[PDB]
Amino acid sequence: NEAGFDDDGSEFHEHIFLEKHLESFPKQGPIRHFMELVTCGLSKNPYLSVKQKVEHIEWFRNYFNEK
Amino acid sequence: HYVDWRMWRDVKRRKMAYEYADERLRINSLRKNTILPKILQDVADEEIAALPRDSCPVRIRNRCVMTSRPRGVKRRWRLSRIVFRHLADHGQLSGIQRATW
Amino acid sequence: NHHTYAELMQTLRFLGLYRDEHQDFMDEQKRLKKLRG
Amino acid sequence: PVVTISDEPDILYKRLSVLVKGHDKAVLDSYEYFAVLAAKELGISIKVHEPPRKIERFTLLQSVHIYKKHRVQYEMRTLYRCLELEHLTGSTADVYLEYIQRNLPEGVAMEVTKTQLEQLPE
Amino acid sequence: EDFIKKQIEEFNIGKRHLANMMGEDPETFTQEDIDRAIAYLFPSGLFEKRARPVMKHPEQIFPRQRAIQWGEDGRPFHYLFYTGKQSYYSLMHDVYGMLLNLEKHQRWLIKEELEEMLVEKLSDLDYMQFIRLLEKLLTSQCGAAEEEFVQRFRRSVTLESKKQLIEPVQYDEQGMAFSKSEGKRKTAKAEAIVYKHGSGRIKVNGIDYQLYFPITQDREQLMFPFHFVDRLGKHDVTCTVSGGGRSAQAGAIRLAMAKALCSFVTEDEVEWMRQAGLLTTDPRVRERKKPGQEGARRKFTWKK
Amino acid sequence: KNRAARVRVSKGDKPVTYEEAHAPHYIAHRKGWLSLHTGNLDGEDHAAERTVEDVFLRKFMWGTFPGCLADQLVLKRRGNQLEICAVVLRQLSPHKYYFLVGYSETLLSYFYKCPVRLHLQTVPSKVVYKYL
Amino acid sequence: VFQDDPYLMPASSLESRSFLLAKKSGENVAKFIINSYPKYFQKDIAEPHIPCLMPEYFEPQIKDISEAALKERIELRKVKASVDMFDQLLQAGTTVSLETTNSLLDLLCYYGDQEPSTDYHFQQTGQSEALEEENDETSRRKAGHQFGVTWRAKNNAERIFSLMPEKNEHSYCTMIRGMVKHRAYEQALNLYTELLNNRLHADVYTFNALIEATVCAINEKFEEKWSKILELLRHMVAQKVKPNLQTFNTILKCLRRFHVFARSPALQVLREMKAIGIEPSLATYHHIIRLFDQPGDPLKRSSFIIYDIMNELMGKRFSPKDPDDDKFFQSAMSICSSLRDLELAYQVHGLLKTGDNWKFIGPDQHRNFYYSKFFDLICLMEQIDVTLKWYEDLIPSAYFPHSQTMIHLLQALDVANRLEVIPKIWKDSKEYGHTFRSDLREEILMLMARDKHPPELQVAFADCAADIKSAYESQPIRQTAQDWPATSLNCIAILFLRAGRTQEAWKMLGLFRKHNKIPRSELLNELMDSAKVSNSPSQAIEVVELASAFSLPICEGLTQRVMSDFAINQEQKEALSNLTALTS
Amino acid sequence: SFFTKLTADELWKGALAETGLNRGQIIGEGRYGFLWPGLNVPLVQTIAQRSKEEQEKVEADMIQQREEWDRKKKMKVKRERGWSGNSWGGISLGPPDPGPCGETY
Amino acid sequence: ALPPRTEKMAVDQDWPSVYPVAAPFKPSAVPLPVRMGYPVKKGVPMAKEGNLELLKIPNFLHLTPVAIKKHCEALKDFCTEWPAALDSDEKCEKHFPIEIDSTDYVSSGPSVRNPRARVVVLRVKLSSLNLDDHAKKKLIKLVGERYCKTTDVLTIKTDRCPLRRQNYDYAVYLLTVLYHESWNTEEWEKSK
RNA sequence: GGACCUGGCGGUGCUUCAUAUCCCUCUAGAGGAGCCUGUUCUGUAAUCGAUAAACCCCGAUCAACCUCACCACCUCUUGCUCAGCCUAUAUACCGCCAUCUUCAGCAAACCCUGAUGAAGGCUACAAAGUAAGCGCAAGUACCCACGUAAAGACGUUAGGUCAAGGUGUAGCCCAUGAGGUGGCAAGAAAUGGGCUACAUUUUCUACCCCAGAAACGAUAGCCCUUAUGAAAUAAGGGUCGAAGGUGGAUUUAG
Ligand SMILES: C[NH+](C)c1cc(NC(=O)CNC(C)(C)C)c(O)c2c1C[C@H]1C[C@H]3[C@H]([NH+](C)C)C(O)=C(C(N)=O)C(=O)[C@@]3(O)C(O)=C1C2=O
Ligand SMILES: [Mg+2]
Ligand SMILES: [Mg+2]
Ligand SMILES: [Mg+2]
Ligand SMILES: [Mg+2]
Ligand SMILES: [Mg+2]
Ligand SMILES: [Mg+2]
Ligand SMILES: [Mg+2]
């Protein structure tokens, strides 16, 4: 049921452990709490991969820097 | 070459909602998280209220896949009542019998 | 999408590889309707 | 008959259980006799089981405009038959699976296979 | 007919091919061999057994075509031809003649079976007259030729027996004798194990009957078979029970208990308690709601 | 009265086959199913597009095999081999038959992206089960 | 490949070929309409992705004048478009790189300044099956000329070669190969001399092309061309390029063109192959087989090397290397048919059954020739039980037999005196479509009415002959309006009388009178016997009148027999006397 | 839509309303007229598309055949008059039907 | 038409050679006058040569016992045998402790994408892990919602990552880090 | 006008029956109160279809926008479409049903009777009827052969739907077609069907039937919070403590 579909050799840490793309702010902040929430959500996504996970993360980074 | 203008309007809804799904997802998460300040949510309220009123999944009507009929559709084949009756009565649909229990 | 479907059947019929009686009906009926109307 | 015994020890499948779902008990038990005889001449251990059938019943109107009091009711018979394999090899497993999925029946067949590879902890 | 002949030849070659086809190159391939073979090769799955595949000989497949009743001169063969019911009227004449010369000297067939034997369509009153004439032949004291005539016309009865199936006594556990029976009533199942002695002790689902059955009606339901058979404080039952409600469970326990006390009681008494109505499953189960109704048989409002 | 798939008795002169003759309440008691695909059981996802491709296939084969299909096809579906098994008549020439078989073979393999196989079966005349 | 319906069966090899070409026609039907309309099919549903189910785009998507567009239309095989925009690059002044100028001249040399043919080439094998026994030399002269592109002077390839600045080995090799392919042999040799002057290296393909060009040159002796081939291989060794199987197979094809004088050179070539260590292929053996087999050779030691070849070649499994392995099997059992050797035919068939040599059989025409001559040999010198076993094993599973094969079946069955098998093979021939074969009809009828038979064989022959006559009647209005043969009519009549269908014999004697064909004396005597059985003086007088009208010299004996054997009235006596007076 | 197209017999039933015409077509004719080697012309093996003047000449032949077949629908049949036109009293039915007992009138 | 191979065909003929593949009915190829259908009142079941019901039957005319015998004469090459791991469940548990659920769901159509088919779940025995005392106390206190009492089976679920092999990786990673955090003594264990 | 034939009718006769229908009977309701939801009427700039049995929680297994075909305003012309139209006709239709049907008849092809009229065809101790085919029946599904399902032909009511879709006829194409934005679904009243009650076999609590206590009733109104949604209908809590005293004629269901 998984013929092809390598997902560039993601291998289980890029999908759920998003510290390396989290790029820690002051972790006591509500922004960092939102990052924890969205990180847990993107970890629990099985339908999305690491590339769209990190473009979601970067979209939030861009919007938060805009504000 | 669609069944009717209502079906074509619905497929416009589907295609461009599927395009404009991600931004709405980010900003309605920004609605219903209770961490951010209220005005910092109000600017987000402005952005979704400006996001067009054809991509929100509130206009998506599951019509019949062969012939446009809003009410009376079985989801498992996207078929209307009498079209599903027609096909599963002529017998081109596997496993559907007449329920006699 | 219905466009690939309907326009492919359209192209195949006017290539002559497809014969659909509904379009035959509309052709004959519109021929008579332009004859008299 | 290319073989190519390559490098690494067996994946050690215990209980590869095949749930065969069908609309048709005749297809299910003919396939049962097929799989049982194939497993018997293979030498692997086969056991039979019959999970109970599920009937998906639902109701539609009969006329197009009025007359709700006269409805039609349609049903689906989803019968399940279980062929559990215990004590079969990984190579025997995927060759037996390959054979039975070549000769899997049509739309009246699904082959839900449950594989328990054992391994060592780490 | 040549159609029948070439069909018979085709069936012979086909059954030879069928046995060689499956595994059975030896010449003896029986009809039930043929049926199981075609059942495996073509998965039937149609609710009508006549809509299933069939591989029989053309005698059974094709109906009985009556032979030509006249040769190439006109002149039909049987002398009672122009009646149009030649076999039936010949049978009347023959039975009448045996009655006549018997008087000078001194279950039953169904209409469908008689029509099959005569290969002629018959009327109901015609069949009644035939049965009446054969009754007259039996009532008159007749000889052995007439007896074998009547016995060729008469068929079997296939009587059943209503003696209740006695379960074997299982001398097991440590040294005790028990019987393990089953009961079902209204989606409830009860497997009961009664030991012959024990002075009366009930173990429904690990607890006693005063705990699992706080209702005196349920206690009377468990009472009922002991009190009919006058063996009240003599036995002990342990029950496992699944599903249903309080009275369905009580009735299922009563049924399984009675169907093991059958093994623990004499044959005259078990016939008597079947007559009392303790060994028969109650088929009264819930019906189905219907589309356009308000229940199983209850309908909606104003209809007339 | 019920007339879902019941052909009505005209005068006793109407050729009809088993499938058109039998009523929809004999759909699994006497008839069977004309398309065998796995979408309609307990656990499956894509049955809707299975059905839409089924009706596409029926109308397409009828439009491209004009006036030679005796009764309706058998649309079997196993793995990724589609089977269109046909009861086609013996009127048009076998060169035309093979031409349309290859044409349909290739286009349907190409439109549904799998192995698609058409298996013809030639019949002299449209078969009559009973005269109604 | 064919279907399983009895109406859709091919009956003959021509019908099978027509069915197959119609199927390939429909295949490229869908290919054409699909590549014309790729938009309707861009939606992929299968996973994983199938690029050979994805559309092939034949239009150039790159429109600006660029080297990427040059590589694009070179890959798309658009010769005129590539030439025109290479010109456009030249007037634009963009320096076009060496590799893509090479690729452009590669396309030009491969296609001869023309587009690729829109039809996938399956033609030029449409010879009729009624001329397979005469004039193979003129057949060679009118069938060895494929209408390819002759190398025209001042073409686009030569223009690009003159225009491009820095000539190299790849371009020189390409244009020598292209000149050889388009029959500019002398120009290719001159360009090779220019290569040697310019100090470049020519590769294996170019050297094989040069060998072919030297051989295809006109007005030179085989000795001179052999010395030239030796000089070219010495140049190969001096340029340190290693020759191979295709090189020596081109050499073997050339000496096959060079006939009787090149047999010992062919042996030297194969010995040098085994000395160097490159495995000779089936097509190597094909070239030496067809060299040593020539009509008019009275020695056949050139046919004993075939036993040498198989003595090398038993028990081996092969892989595809060289296109003439199907021709190897066809030619080697062409030797078998020429030599009439059952043991070698069986040994080649065993080599065939070893492994994928059944794949090495090749095309349908070669397969039909293969099994046709094999079964001709089987019927010629095998015993009848194993000929019938090979008949049921090969026909029609392997091939569709021919009418010459049919008459050879009849000859074999007549030699074996197993005339009870004639109706079965007759029904098989009518099944395969030999109904309108008059030679087959004449052969079956003469072998069929030659002798007196047991009555069940007689009535089976009566049914077969009645159906033959039904076909003869049911051939209406064709340009080959074959008149009723006298021998066929006489044999049909004799069979009808022997089976006892006298009335149909009489009405086809009416057909004798209708078609003005002279009847046979044995037939007239059998008619005398049938008239004796039926006691019919009128029928006897009718057939005696037929004999008198055809003026046969047995009519006096027929009249004397009728007088001796029938009680005849005076007016019939007078009529018979008048007929005898007219014949006298 | 192609999906909501229907069948010839059903459309004739719906149009005629009797319960209360494609025979003049070859298998491969289209308005583009890309004549195949399997369809129309027999099986040289060369795919081609015929020219314009051939397209309109072929369809003009088809439409004059249409008009001729409309005419062969619309002849007038000649019925002999029995005692008057539109009557039945002198109309000659044919010979009596041949008897199944080897009898003919 | 032609007289068919049904009556051209004679006894002792190889049937794996006749029908290699799963194919629809083809009555001319079938040497059997098989009759379908509910018969008419004064008639017989409908004949063989044209039955769409014969066609619609899933047609297990490509598989008989002697064919499957010969098929697995060919297919007998593709197998090893087992060691003496024994039929004893406790013996095979001792030899190989952990147990893992990793499945496939075979559909039939254009695509083989059943996402739920990546479900993976690991069951391991503490009595086979053999190295847990206050570590097993800490273990249970970590995984409260699993570890039913009546059998010593630990069942950890993964359906969070799209691929089956990295689901297996999540199972083994969770096992080893739950083990390591159980053996990591924390400073607030005593104030329980 | 006279005499008939066939059918329908009869507050038409005799006889035998109906059994949840015909009555006497048996149980539980409606009709009386509140609420929900359709319909009529009124209203609005604001769809349409059903309308005794066989309409009235009906198309809808379902309208905040969407749905939507309604209205208001403003825009589009080869308009997603070799356009389209939810424009008119269910009295042109196919398609999909209701009703008799909680029936058993409809009948090709013949033969006979009636001076060869419409028409009719019955007597088993038998006087002209024989009958292919549909239907009942039979065979299937569910737990049995019981029961419930399914099934019930020809025809009836021009019975329902051009609005599920297709479609003939007539019409439009500056329109009656297409798109965008915003509103339409309120009761001086009435009526159909449901839900909850008017409590003592009741109410609250634990238990899920061996107690303690009382000695009533909105799923309505208002407020708060939550769910889902761009934008509240639904859910919970708070608040409140209606009318209501087991309902006549008539009627429903078993
Ligand atoms: C006026 N009448 C003579 C009539 C006429 C037509 N149609 C036409 O004549 C129109 N014809 C044109 C369009 C001009 C070509 C009609 O179409 C109708 C009717 C009658 C109705 C009566 C309907 C009524 N319903 C609404 C309750 C009724 O009492 C019944 C019934 N059985 O209950 C009906 O029969 C009725 O529904 C009905 O069918 C009518 C018409 O169809
Ligand atoms: Mg009904
Ligand atoms: Mg007139
Ligand atoms: Mg409008
Ligand atoms: Mg009406
Ligand atoms: Mg109306
Ligand atoms: Mg019903
Ligand atoms: Mg019935």
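- Per the deposited record, cryo-EM is how this structure was determined, to a resolution of 3.3 Å.

- Naming follows the PDB entry, where chain E appears as Small ribosomal subunit protein uS9m of Homo sapiens.
- Its PDB record names the entry "Cryo-EM structure of the human 55S mitoribosome with 10uM Tigecycline".
- One UniProt comment on chain E, placed under Subcellular location, says "Mitochondrion".

- You'll find chain B entered in the PDB entry as Small ribosomal subunit protein uS14m, with Homo sapiens given as the organism.
- The annotation that UniProt attaches to chain B under Subcellular location is "Mitochondrion".

1. Description of the side chain of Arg35(I)
Turning to step 1, where the next piece is worked out: Residue placement: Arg35(I) occurs in the loop between α2 (15-18) and α3 (52-56).
Turning to step 2, where the next piece is worked out: Despite its burial, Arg35(I) remains without a salt bridge, the nearest opposite charge being carried by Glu49(I) at 7.0 Å.
Turning to step 3, where the next piece is worked out: Looking at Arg35(I), its side chain comes within polar contact range of the main-chain oxygen of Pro45(I), at 2.8 Å.
Turning to step 4, where the next piece is worked out: Ignoring anything within four residues of it in the chain, the contact list for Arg35(I) reads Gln7(E), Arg52(E), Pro53(E), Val54(E), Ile61(E), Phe62(E), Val44(I), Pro45(I), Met46(I) and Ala47(I).

2. Some words on the packing of helix α2 (residues 21-36) of chain C against helix α1 (residues 8-16) of chain H
Turning to step 1, where the next piece is worked out: Running from N to C, α2(C) and α1(H) point in directions that differ by 40°, and their axes come no closer than 9 Å. Judged by the inter-axis angle, α2(C) sits oblique to α1(H). Crossing handedness for the pair α2(C) and α1(H): right-handed. Residues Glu21(C), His22(C) and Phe25(C) of α2(C) form the contact with α1(H), whose participating residues are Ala8(H), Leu11(H) and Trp12(H).
Turning to step 2, where the next piece is worked out: Among the residues forming the contact of α2(C) with α1(H), the class breakdown is 4 nonpolar, 1 polar and 1 charged.

3. Points about helix α3 (residues 47-64) of chain F
Turning to step 1, where the next piece is worked out: Taking 1.5 Å of rise per residue, 18 residues should cover 26 Å, and α3(F) covers 25 Å from first to last C-alpha, within 8% of that figure.
Turning to step 2, where the next piece is worked out: For α3(F), the tally of buried residues reaches 16 of 18 residues, placing the bulk of the element in the interior.

4. Some remarks on the interface of chain I and chain D
Turning to step 1, where the next piece is worked out: Each side of the interface is counted separately: chain I has 35 residues, and chain D has 40 residues.
Turning to step 2, where the next piece is worked out: Looking at the side of chain I facing chain D, the largest losses of area belong to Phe60(I), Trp82(I) and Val106(I), adding up to 20% of the total buried there.
Turning to step 3, where the next piece is worked out: For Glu99(I), the salt bridge is made with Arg15(D), and the minimal N-O distance between the two is 2.3 Å.
Turning to step 4, where the next piece is worked out: Summed over the shared surface of chain I and chain D, the number is 15 residue pairs in polar contact.
Turning to step 5, where the next piece is worked out: Of all the secondary structure elements, the ones that give two or more residues to the side of chain I that touches chain D are α4 (65-75), α5 (89-95), β1 (99-102), β2 (104-106) and α8 (164-183) of chain I.
Turning to step 6, where the next piece is worked out: Examining the composition of the side of chain I that touches chain D, we find that 6 residues originate from one element, α4(I), more than from any other.

5. Topic: unusual backbone geometry
Residues and elements named next belong to chain G.
Turning to step 1, where the next piece is worked out: The omega torsion of the bond from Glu47 to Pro48 falls at 10°, within 30 degrees of zero and hence cis.
Turning to step 2, where the next piece is worked out: With respect to the helices, strands and loops of the structure, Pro48 is situated in the loop between α1 (13-36) and α2 (67-75).
Turning to step 3, where the next piece is worked out: Omega for the peptide link from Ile395 to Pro396 comes to -5°, which places this bond in the cis form.
Turning to step 4, where the next piece is worked out: By the element assignment, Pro396 lies in the loop between α18 (384-394) and α19 (403-416).

6. Some details on the packing of aromatic side chains
Turning to step 1, where the next piece is worked out: Per the stated rule, a full pass over the model turns up 65 aromatic pairs over all chains.
Turning to step 2, where the next piece is worked out: Ring centres of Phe42(E) and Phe25(I) lie 5.6 Å apart, and the angle between their planes is 50°; this geometry places the pair in the tilted category. Here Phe25(I) lies in the loop between α2 and α3 and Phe42(E) lies in the loop between α2 (31-41) and α3 (58-61), a pairing that spans two chains.
Turning to step 3, where the next piece is worked out: The class for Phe25(I) is buried, based on a relative accessible area of 1%.
Turning to step 4, where the next piece is worked out: Ring geometry for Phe130(E) against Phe153(E): centres 5.0 Å apart, planes inclined by 75°, an arrangement best described as edge-to-face. With a gap of 23 residues between them, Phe130(E) in helix α6 (residues 124-139) and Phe153(E) in helix α7 (residues 144-153) connect regions that are remote in the sequence.
Turning to step 5, where the next piece is worked out: Overall, the relative accessible area of 2% leaves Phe130(E) in the buried class.
Turning to step 6, where the next piece is worked out: Taken together, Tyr5(C), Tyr18(C), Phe56(F), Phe60(F), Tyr103(F), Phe111(F), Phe2(H) and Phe3(H) form an aromatic cluster joined through their ring pairs.
Turning to step 7, where the next piece is worked out: Above the plane of the ring of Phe25(A) lies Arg61(A), whose end atom (NZ or CZ) is 4.5 Å from the centre.
Turning to step 8, where the next piece is worked out: In this structure, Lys113(F) is placed above the aromatic ring of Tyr110(F), and the distance from its NZ or CZ to the ring centre is 3.7 Å.

7. Focus: helix α25 (residues 521-534) of chain G
Residue and element names in this part refer to chain G.
Turning to step 1, where the next piece is worked out: With 14 residues, α25 extends 20 Å from end C-alpha to end C-alpha; this agrees with the ideal 20 Å at 1.5 Å per step.
Turning to step 2, where the next piece is worked out: Restricting attention to buried positions, one finds in α25 the residues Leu523, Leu524, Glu526, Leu527, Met528, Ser530 and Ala531.
Turning to step 3, where the next piece is worked out: Just downstream of α25, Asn535 is the residue with a positive phi angle, here 55°.

8. A look at a negative patch on the surface
Residue and element names in this part refer to chain G.
Turning to step 1, where the next piece is worked out: Negative charge collects at one region of the surface, where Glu129, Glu132, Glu133 and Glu134 lie side by side.
Turning to step 2, where the next piece is worked out: Of note, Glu133 is situated in the loop between α4 (98-111) and α5 (136-143).
Turning to step 3, where the next piece is worked out: By relative accessible area, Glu133 is classed as exposed at 64%.

9. Concerning the packing of helix α26 (residues 537-549) of chain G against helix α28 (residues 570-583) of chain G
Residue and element names in this part refer to chain G.
Turning to step 1, where the next piece is worked out: Closest axis-to-axis distance for the α26/α28 pair is 10 Å, and the angle between their directions is 15°. Relative to α28, the element α26 is oriented roughly parallel. Judged by the twist between their axes, the crossing of α26 over α28 is left-handed. The residues of α28 that touch α26, namely those facing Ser538, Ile541, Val544, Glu545 and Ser548, are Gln572, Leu576, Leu579 and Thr583.
Turning to step 2, where the next piece is worked out: Partitioned by chemical class, the residues of the contact of α26 with α28 number 4 nonpolar, 4 polar and 1 charged.

10. Overview of the protein's contact with RNA strand J
Turning to step 1, where the next piece is worked out: Neighbouring RNA strand J are 102 residues; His1(B), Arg13(B), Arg85(B), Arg36(C) and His29(F) lie closest to it.
Turning to step 2, where the next piece is worked out: Here a sugar or linking oxygen of RNA strand J sits 3.0 Å away from a polar atom, N or O, in the side chain of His22(C).
Turning to step 3, where the next piece is worked out: The side chain of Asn2(F) places a nitrogen or oxygen atom 2.9 Å from a phosphate oxygen of RNA strand J.
Turning to step 4, where the next piece is worked out: Among the elements that line the surface near RNA strand J, the one with the most residues is helix α1 (residues 5-19) of chain B, at 5 residues.
Turning to step 5, where the next piece is worked out: A class-by-class count of the residues in the surface near RNA strand J yields 30 nonpolar, 26 polar and 46 charged.

About the criteria used
- Residues numbered from 1 in each chain as written, not as in the entry; some residues may be left out.
- Chains lettered and ligands numbered in written order.
- Part of a larger assembly, values for the part shown.
- Heavy atoms only, no water.
- Residues with missing side-chain atoms left out of burial classes, pairs and counts.
- UniProt positions renumbered as here; feature names shortened; annotations may be inferred.
- Helix = DSSP H or I, 4+ residues; strand = E, 2+ residues; numbered from the N terminus.
- Buried < 20%, exposed > 50% of the residue type's maximum accessible area, 1.4 Å probe, protein only.
- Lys, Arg positive; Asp, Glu negative; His and termini not counted.
- Salt bridge = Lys/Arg side-chain N within 4 Å of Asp/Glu carboxyl O.
- Polar contact = N/O pair within 3.5 Å; in protein donor to acceptor, adjacent residues only side chain to side chain.
- Contact = heavy atoms within 4.5 Å.
- Axes fitted to C-alpha atoms, helices over the stretch in contact; angles between N-to-C directions.
- Parallel < 35°, antiparallel > 145°, perpendicular 65-115°, else oblique.
- Left-handed = near helix turned anticlockwise from the far one by under 90°.
- Nonpolar A, V, L, I, M, F, W, Y, C, P; charged D, E, K, R; others polar.
- Expected span 1.5 Å × (residues − 1).
- Buried area = accessible area lost by both parts, 1.4 Å probe.
- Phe/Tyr/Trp six-rings, centres within 6.5 Å; stacked < 30°, edge-to-face > 60°.
- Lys NZ or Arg CZ within 6 Å of the ring centre and 35° of its normal.
- Patch = residues over 30% accessible without salt bridge, like charges linked within 9 Å, V, L, I, M, F, W, Y side chains within 5 Å.
- Areas by Shrake-Rupley, 256 points an atom, 1.4 Å probe, with all protein chains shown as cover.
- Charge placed at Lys NZ, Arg CZ, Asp CG, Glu CD.
- Near = heavy atom within 4 Å.

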